[PDB]
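Given as structure tokens, the chain that follows is alone and in the form deposited in one PDB entry.
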């Protein structure tokens, strides 16, 4: 899933604000799947098609410091804000 990873413009801009470099994302994914989830992103947040998502997803990392990846598209659904100690994991995440 590493070569297929897709980071859109939205995620790209959040990376520095949330403490993630592209290498960080890849290294975290390389540590193996740690949970599952669902990518239910709304249209506005699914470029370049903007049609929304409805797919099972895989979670890498740990609570507060994770990366969610859409199983069908390979897209990075979300990266948690590692600079926020009060970060609440997305409701769809199911830790293993």
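Between two forms, the rigid core is the largest collection of C-alphas that superpose within 1.5 Å. Shifts are known only where both forms have a C-alpha. Residue numbers count along the first chain shown, from 1.
Omitted here: the form deposited in another entry. The next part is about that form.
The rigid-core alignment places the CA of residue 26 less than 2 Å apart between this form and the one not shown. Residue 45 shows a C-alpha shift of 2 Å or greater between this form and the one not shown [criterion: core-superposed Cα displacement of 2 Å]. Taking a Cα shift of 2 Å or more after superposition on the rigid core as the cut-off, the stretches of three or more consecutive residues that move between this form and the one not shown are 40-48, 50-53.
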